[PDB]
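Asker: Take this structure, written in structure tokens, and hold onto it; I'll ask about it next.
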Amino acid sequence: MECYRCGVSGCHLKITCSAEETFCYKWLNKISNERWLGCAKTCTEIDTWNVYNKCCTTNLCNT
């Protein structure tokens, strides 16, 4: 499965999650304009007031 990570200037990068990671987590920090996009094992959804993290089990579900 492939996900969508964010480089240093771009946010449309298609990476490949090894057989180890099959989850697509996309966290957004409406404070430090910083987001944690990548593949992980479990989910850590963070839907607060400024932060918004969403995990997926499909393809490029984090774009």
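For the structure tokens, the naming scheme is as follows: chains receive sequential letters (A, B, ...) according to their order of presentation, residues are indexed from 1 within each chain, and ligands are indexed from 1 in presentation order.
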So which residues touch segment 47-52 of chain A within 10 Å, counting only C-alpha atoms, skipping near sequence neighbours fewer than 5 positions away, as a VMD selection string?

Answerer: chain A and resid 26 to 35

Asker: Counting only C-alpha atoms, what is within 12 Å of residue 7 of chain A, bar same-chain residues fewer than 2 positions away, as a PyMOL selection string?

Answerer: chain A and resi 4-5+9-15+34-38

Asker: Limited to N, CA, C and O atoms, could you put the picked residues into a file as a short mmCIF file (atom, residue, chain, number, x, y, z; two decimals), in the first residue's frame?

Answerer:
data_model
loop_
_atom_site.label_atom_id
_atom_site.label_comp_id
_atom_site.auth_asym_id
_atom_site.auth_seq_id
_atom_site.Cartn_x
_atom_site.Cartn_y
_atom_site.Cartn_z
N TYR A 4 0.51 9.10 1.38
CA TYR A 4 0.86 10.44 0.93
C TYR A 4 1.53 11.23 2.05
O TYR A 4 0.87 11.72 2.97
N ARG A 5 2.85 11.35 1.97
CA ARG A 5 3.61 12.08 2.98
C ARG A 5 3.86 13.52 2.55
O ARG A 5 3.57 13.89 1.41
N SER A 9 8.58 20.99 1.22
CA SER A 9 7.92 22.04 0.45
C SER A 9 6.70 21.49 -0.28
O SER A 9 5.84 22.24 -0.74
N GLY A 10 6.63 20.16 -0.39
CA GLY A 10 5.52 19.53 -1.07
C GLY A 10 4.71 18.64 -0.14
O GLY A 10 5.23 18.13 0.85
N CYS A 11 3.43 18.46 -0.47
CA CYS A 11 2.55 17.63 0.35
C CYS A 11 1.79 16.62 -0.52
O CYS A 11 0.69 16.20 -0.18
N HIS A 12 2.39 16.24 -1.64
CA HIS A 12 1.78 15.29 -2.55
C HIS A 12 2.77 14.20 -2.95
O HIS A 12 2.92 13.88 -4.13
N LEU A 13 3.45 13.64 -1.96
CA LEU A 13 4.43 12.59 -2.20
C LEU A 13 3.83 11.21 -1.92
O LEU A 13 3.21 10.99 -0.89
N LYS A 14 4.03 10.29 -2.86
CA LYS A 14 3.51 8.94 -2.73
C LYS A 14 4.60 7.98 -2.26
O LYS A 14 5.49 7.61 -3.04
N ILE A 15 4.53 7.58 -1.00
CA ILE A 15 5.51 6.67 -0.43
C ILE A 15 4.95 5.25 -0.35
O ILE A 15 3.76 5.03 -0.56
N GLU A 34 2.23 22.32 10.99
CA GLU A 34 2.97 21.07 10.84
C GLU A 34 2.02 19.88 10.91
O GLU A 34 1.14 19.82 11.77
N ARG A 35 2.20 18.93 10.00
CA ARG A 35 1.36 17.74 9.95
C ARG A 35 2.20 16.47 9.90
O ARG A 35 3.26 16.43 9.27
N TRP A 36 1.72 15.42 10.56
CA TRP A 36 2.42 14.14 10.59
C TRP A 36 1.77 13.15 9.62
O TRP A 36 0.88 12.39 10.01
N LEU A 37 2.21 13.18 8.37
CA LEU A 37 1.67 12.29 7.35
C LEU A 37 2.61 11.11 7.11
O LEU A 37 3.81 11.28 6.90
N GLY A 38 2.05 9.90 7.15
CA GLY A 38 2.84 8.71 6.94
C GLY A 38 2.10 7.44 7.31
O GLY A 38 0.92 7.49 7.68
#

Asker: So, with only C-alpha atoms as the atoms that count, which of A:24, A:18, A:6, A:43 lies closest to residue 62 of chain A?

Answerer: A:24

Asker: Just list the residues in chain A DSSP gives strand (DSSP E) on the backbone, as a compact mmCIF listing (two decimals) with N, CA and C atoms, in the first residue's frame.

Answerer:
# COMPACT_ATOMS: atom_id res chain seq x y z
N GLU A 2 0.39 2.29 -0.68
CA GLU A 2 1.11 3.56 -0.76
C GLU A 2 0.35 4.67 -0.05
N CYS A 3 1.09 5.57 0.59
CA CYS A 3 0.48 6.68 1.32
C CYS A 3 0.93 8.02 0.74
N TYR A 4 0.51 9.10 1.38
CA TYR A 4 0.86 10.44 0.93
C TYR A 4 1.53 11.23 2.05
N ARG A 5 2.85 11.35 1.97
CA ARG A 5 3.61 12.08 2.98
C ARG A 5 3.86 13.52 2.55
N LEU A 13 3.45 13.64 -1.96
CA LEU A 13 4.43 12.59 -2.20
C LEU A 13 3.83 11.21 -1.92
N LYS A 14 4.03 10.29 -2.86
CA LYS A 14 3.51 8.94 -2.73
C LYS A 14 4.60 7.98 -2.26
N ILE A 15 4.53 7.58 -1.00
CA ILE A 15 5.51 6.67 -0.43
C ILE A 15 4.95 5.25 -0.35
N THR A 16 5.82 4.29 -0.05
CA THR A 16 5.42 2.89 0.06
C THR A 16 5.60 2.38 1.48
N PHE A 23 -1.21 1.29 7.88
CA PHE A 23 -2.12 2.37 8.24
C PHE A 23 -1.63 3.70 7.69
N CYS A 24 -2.58 4.57 7.34
CA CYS A 24 -2.25 5.89 6.81
C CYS A 24 -2.74 6.98 7.75
N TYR A 25 -1.84 7.54 8.55
CA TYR A 25 -2.19 8.58 9.50
C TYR A 25 -1.84 9.97 8.96
N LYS A 26 -2.79 10.89 9.06
CA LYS A 26 -2.59 12.25 8.60
C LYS A 26 -2.98 13.24 9.69
N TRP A 27 -1.98 13.75 10.41
CA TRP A 27 -2.21 14.70 11.49
C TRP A 27 -1.95 16.13 11.03
N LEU A 28 -2.83 17.04 11.43
CA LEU A 28 -2.69 18.44 11.05
C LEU A 28 -2.65 19.34 12.28
N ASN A 29 -1.66 20.23 12.33
CA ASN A 29 -1.50 21.15 13.45
C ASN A 29 -1.83 22.58 13.03
N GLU A 34 2.23 22.32 10.99
CA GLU A 34 2.97 21.07 10.84
C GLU A 34 2.02 19.88 10.91
N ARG A 35 2.20 18.93 10.00
CA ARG A 35 1.36 17.74 9.95
C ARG A 35 2.20 16.47 9.90
N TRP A 36 1.72 15.42 10.56
CA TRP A 36 2.42 14.14 10.59
C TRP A 36 1.77 13.15 9.62
N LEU A 37 2.21 13.18 8.37
CA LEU A 37 1.67 12.29 7.35
C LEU A 37 2.61 11.11 7.11
N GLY A 38 2.05 9.90 7.15
CA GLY A 38 2.84 8.71 6.94
C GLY A 38 2.10 7.44 7.31
N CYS A 39 2.78 6.31 7.22
CA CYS A 39 2.17 5.02 7.54
C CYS A 39 2.56 4.57 8.94
N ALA A 40 1.61 3.98 9.66
CA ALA A 40 1.85 3.50 11.01
C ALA A 40 1.16 2.16 11.25
N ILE A 46 -6.56 12.36 16.24
CA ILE A 46 -6.53 13.47 17.17
C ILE A 46 -7.41 14.62 16.69
N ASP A 47 -8.71 14.47 16.88
CA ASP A 47 -9.66 15.50 16.46
C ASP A 47 -9.99 16.43 17.62
N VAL A 51 -5.72 20.51 16.40
CA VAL A 51 -5.12 19.34 15.78
C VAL A 51 -6.18 18.40 15.21
N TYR A 52 -5.89 17.84 14.04
CA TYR A 52 -6.82 16.93 13.38
C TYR A 52 -6.08 15.76 12.74
N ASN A 53 -6.04 14.64 13.44
CA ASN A 53 -5.36 13.44 12.94
C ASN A 53 -6.38 12.38 12.54
N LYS A 54 -6.21 11.82 11.35
CA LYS A 54 -7.13 10.79 10.86
C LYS A 54 -6.37 9.62 10.25
N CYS A 55 -6.71 8.41 10.70
CA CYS A 55 -6.07 7.21 10.20
C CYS A 55 -6.97 6.50 9.18
N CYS A 56 -6.35 5.81 8.23
CA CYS A 56 -7.09 5.09 7.20
C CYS A 56 -6.49 3.70 6.97
